[PDB]
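In what follows, chains carry the letters A, B, and so on, assigned in the order in which the sequence lines appear, proteins first and then strands, with residues in each chain numbered from 1. Computed from heavy atoms alone, side chains included, the values below leave out hydrogens, waters and symmetry copies.
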There are 4 protein chains.
Amino acid sequence: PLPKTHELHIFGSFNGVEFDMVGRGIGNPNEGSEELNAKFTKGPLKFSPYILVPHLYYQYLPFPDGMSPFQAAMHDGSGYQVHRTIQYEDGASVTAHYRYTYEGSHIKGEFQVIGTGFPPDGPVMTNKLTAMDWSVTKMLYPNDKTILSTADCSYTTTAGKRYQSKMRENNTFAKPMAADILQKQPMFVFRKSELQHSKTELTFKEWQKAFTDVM
Amino acid sequence: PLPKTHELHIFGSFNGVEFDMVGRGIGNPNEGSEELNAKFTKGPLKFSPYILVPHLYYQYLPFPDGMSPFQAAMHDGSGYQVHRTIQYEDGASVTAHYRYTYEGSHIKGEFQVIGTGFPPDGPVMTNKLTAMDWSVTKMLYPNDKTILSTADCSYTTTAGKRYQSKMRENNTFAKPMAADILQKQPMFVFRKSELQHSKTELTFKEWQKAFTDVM
Amino acid sequence: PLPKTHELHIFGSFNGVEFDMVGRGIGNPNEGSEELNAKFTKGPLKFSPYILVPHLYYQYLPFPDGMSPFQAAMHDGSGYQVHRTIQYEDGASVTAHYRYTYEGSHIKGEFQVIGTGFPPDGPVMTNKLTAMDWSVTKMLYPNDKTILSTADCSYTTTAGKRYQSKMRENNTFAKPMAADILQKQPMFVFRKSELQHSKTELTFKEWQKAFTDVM
Amino acid sequence: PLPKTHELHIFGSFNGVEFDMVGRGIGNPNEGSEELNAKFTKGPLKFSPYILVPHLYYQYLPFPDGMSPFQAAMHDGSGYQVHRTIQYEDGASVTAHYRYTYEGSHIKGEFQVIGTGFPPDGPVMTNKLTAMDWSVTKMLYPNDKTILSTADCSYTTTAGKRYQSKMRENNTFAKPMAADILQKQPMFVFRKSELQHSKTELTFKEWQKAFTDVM
C-alpha cells in the first residue's frame with residue numbers, strides 16, 4: 001500500500017558525540033506532503049536542529065503519471081536503501097544510511113547519520129541556521145536498480161550569509177524500477193521544508209513535487 | 001532595450017588545438033527562446049559540437065516578476081561578465097569567459113572557451129554525444145553584484161551511458177542587481193537545448209524559464 | 001603502549017549487498033609498517049578486494065619528531081574516530097567510520113564501510129583493479145581535536161587506465177592533540193600498499209611515512 | 001636549452017576589474033629554484049598579492065633522473081601549455097591559461113588569469129593572507145601528450161584560520177613526452193613559495209622538487 005504513517009529512529013554522532021532521537025508522523029502520498037514530531041530523549045541537541053532536515057521519506061512522493069519508484073518498492077515490499085553524503089562549505093561532512101521496514105501503510109525508518117568537522121564556532125554548532133532554502137534535486141538512473149540524485153543545498157543564517165552544501169546520494173533498489181520510471185530522465189524533485197523547535201522537541205514538515213518540465 | 005538579435009564569436013582551443021566559430025541569431029526576451037546558426041572558421045571541428053551547447057545569452061531570459069538581472073544590465077548598458085568552469089566526469093575541463101557589447105536590441109558576444117584533458121578515445125573527441133539533457137540551474141546572490149550559478153549537466157551518448165559534468169559560474173555585474181532580484185533566492189532556471197550539426201555548420205535553439213517554485 | 005598487533009572487523013555493504021570480514025595482523029609502530037590477512041567468511045567478495053585497501057591503522061604511524069597524535073591518543077586511551085568519504089570517477093561513493101578499542105599493545109578495529117553506485121560493468125564490480133598507486137595525503141588541524149586529511153587516489157587496472165578517486169576524512173580526538181603536533185602544518189603522509197588475493201583470502205601490507213618536507 | 005632567465009606578463013581580471021602586471025626573473029633549472037621581481041604599473045594592487053603565487057615556470061623543475069617533460073619541451077622547442085582551475089573554499093574561482101615562447105635560455109610567459117567571486121569581506125580582497133603553505137602536487141599522465149596535476153592548497157591568514165583551495169590543471173604538450181618519463185607515475189612535486197611585497201612591487205621565490213618516493 002501507499003503510506004499513511006511513519007516513525008523515525010535517527011542515531012549516530014556529530015563531532016564525535018553520540019545522539020539518538022525518535023519521532024512519529026503522517027503524510028499524504030498523493031500530494032507529496034509529510035509532517036513529523038520528535039521529542040528529545042535527554043535535552044536539546046548539541047547542534048542546530050536544522051542540520052537534521054534532510055534526515056527527517058520519499059514513499060510520500062508520487063510521480064507525475066503514477067507511483068514513484070519509492071512508492072512501488074514499498075508497495076511490493078522489495079524496498080530500497082538510501083546512501084547519502086553531504087559536504088558543507090566550511091569543511092564539515094555528513095554521511096547517512098537509511099533503511100526502512102513496512103507494516104501495511106506504516107513506515108519504520110532506521111537512519112544512521114554521522115557528521116564531523118563542524119567548526120565549534122560555525123553556524124551549526126552555534127545554532128545560527130534559520131531555515132533551509134527550497135531545493136531542486138536532479139535524479140538519473142544509471143542502471144535499473146540505482147538512482148543517483150544530486151542537489152546544491154543552502155540554509156539561511158542569522159548573519160545573513162547562506163550556508164551551502166553539496167548533497168549526493170544513491171537509492172539502491174532490490175528489484176528493478178519499472179519502465180515508466182526509467183524512460184523519463186532526468187527527473188527533478190522540488191522540495192520545501194519547515195522546521196520549528198523548542199528546547200524539548202521539534203516539528204518538521206516537507207512538501208515534495210516531481211517534475212520533468214516546467215514549460 | 002531588451003534583445004532581439006545577437007552575434008556569436010567563440011574562440012579558444014580544445015586539447016591545445018585552436019578553434020574559432022562565428023554565428024548569428026534571434027531570440028524572444030519575453031519567452032526565453034533563442035536560435036543561432038553558426039560556422040567553424042578554422043575548418044571542421046576536431047570534437048563533438050554538442051560540447052559547445054552552454055557556450056552557444058541570458059539577456060533573452062525574463063524573470064517571473066520582471067526583467068532578469070541580465071536583461072536589466074543590458075537595458076542600462078552597465079552589463080555583466082560570465083566566468084564559467086565545467087568539470088567532466090572523465091577528467092576533462094573547460095573554462096570560459098563571456099563578454100558582451102550592446103547596440104540597441106542587438107547583442108555582440110565575445111566568448112573565450114578553453115578545453116583540455118578530453119581523452120582521445122572519449123565521447124567528445126569521438127563524437128558519441130547525442131543530446132544534452134534538460135537542466136535546472138540554481139542561482140544565489142552572495143553579494144549584490146555577483147551571481148553564483150550551479151548545475152549538474154549530462155549528455156546522452158551512443159554508448160547508452162550519460163556523460164556528466166558539473167557546471168559552475170560567477171556572473172559579475174558592474175552595478176548592483178535590483179532589490180526585486182536580490183529578494184528572491186534561490187532562483188532556478190530550467191533549460192532545454194536542441195542542436196543540429198554538419199561538418200561545416202550548426203543550428204542551435206534554447207528555451208529557458210526562471211522559477212522560484214513549481215507547487 | 002605503542003601497538004604491535006591488531007585485528008579488524010569490517011562490515012557494511014557494496015551496492016546494497018551486505019559483507020562482513022575479519023582480519024588479523026601485526027605492525028611496527030616505529031617504522032610505519034603493518035600487515036593483515038583475512039579469509040572470506042562466506043564465499044568470494046562480490047567486488048574487487050582492491051577497493052578495501054584504505055579500510056584495511058594510523059597507530060602504527062610515527063611522526064617525524066616523535067609520536068603521532070594517533071599514537072598519543074592510543075597511549076592515554078582517549079582515542080580518536082575516523083570518518084571518511086571516497087568519491088570515485090565513475091560516480092560511485094564509499095563512506096566509512098572507524099572505531100577502535102585497545103588491549104595493551106593490541107588494537108581492535110570496528111570499521112563500517114558502505115559503498116554504492118559502482119557500475120555493474122565497471123572496474124570494481126568486474127575485478128579489473130590491479131594495484132593501488134602510492135599516495136600522498138595532506139593533513140591540516142582546523143582545531144585542536146580535529147584532523148582534516150585529503151588525498152587524490154588512483155588504482156591501475158587491467159585496461160591500462162587508472163581509476164581515480166578523491167578521499168577525504170576527519171579524525172576526531174576525544175582530547176586535544178599536543179601543542180608540538182599542532183605547530184607543524186601541513187603534515188604529509190606517503191603510503192605504499194600491497195594486496196594479494198585469491199578466491200578465498202587476502203593478504204595486505206602497508207608502509208606509511210610522515211613528512212613535512214623533501215628538500 | 002635549459003632556462004636561466006624569464007619574463008612574466010599576467011593579464012586578466014579579478015572580480016570584473018582588469019589587471020595587468022609584468023615582471024622579470026632568474027632561475028636554476030638544475031635545482032628547481034626561481035626568483036621574480038614585478039613593479040606595479042597602474043597603481044596599488046586591489047587584492048592580496050599572495051593570490052598571485054601559483055601564477056608567478058616548470059621549465060626550472062628537473063626530474064629525479066633527468067630533464068622534466070617541461071624542460072624537454074622547452075629544449076626541443078615543441079612546448080606545452082597550462083590550463084588551470086583553482087576553486088577556493090569561500091566560493092571564489094580562478095581560471096588560468098599559460099603560454100610560453102623561448103629565446104635561447106630566456107622564457108617569455110603570457111599568462112591569462114581570471115578570478116571571480118572573491119567576497120569583498122574575504123581574506124583575498126581584505127589582504128589577510130600571510131603566506132602560502134608548502135604543497136605537494138600529484139601528476140599523472142593519462143596520455144603521452146597530457147599531464148593531469150592536482151593539489152590541495154592553503155594559505156595562512158591573520159585570522160589564524162587557513163584559506164584552502166583545490167588546484168587542478170592539464171599540461172598539454174605538442175609532442176609526446178619521452179617514453180622514459182611515462183611509466184614512472186604518479187610523480188609528485190613539492191613546492192615552497194616566498195613572497196615579499198610593498199605598496200609598489202613584489203619579489204617572489206619558488207623552490208620545486210620532483211619525487212616518486214620518500215622512503
Checklist entry - Is the shortest distance from a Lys or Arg side-chain nitrogen in A:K108 or A:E103 to a carboxylate oxygen in the other one below 4.0 Å? => result yes
Checklist entry - Of all of C:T146, C:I147, C:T116, which one pairs up most often with chain A through heavy atoms under 4.5 Å apart? => result C:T116
Item to check | Under-4.0 Å salt bridge between C:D20 and C:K42 | outcome: no
Checklist entry - Ion pair present between A:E7 and A:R24, side-chain N to carboxylate O less than 4.0 angstrom? => result yes
Checklist entry - Is it true that C:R162 and C:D133 make a salt bridge, defined as a side-chain N closer than 4.0 Å to a carboxylate O? => result yes
Checklist outcome for this item: Counting heavy-atom pairs under 4.5 angstrom with chain C, the leader among A:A92, A:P142, A:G91, A:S93 is A:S93
Checklist outcome for this item: Interface check, chain C: of A:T172, A:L148, A:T95, most non-hydrogen pairs under 4.5 Å belong to A:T95
Checklist entry - Taking atom NZ of A:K192 as the centre, does the number of heavy atoms from other residues, nucleotides or ligands within less than 6.0 Å exceed 12? => result yes
Next on the checklist: Quick check on A:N171 against chain C: is it the side chain, the backbone, both or neither that has a heavy atom closer than 4.5 Å?
Outcome noted: neither
Checklist entry - So which part of C:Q87 gets closer than 4.5 Å to some heavy atom of chain A, the side chain, the backbone, both or neither? => result side chain
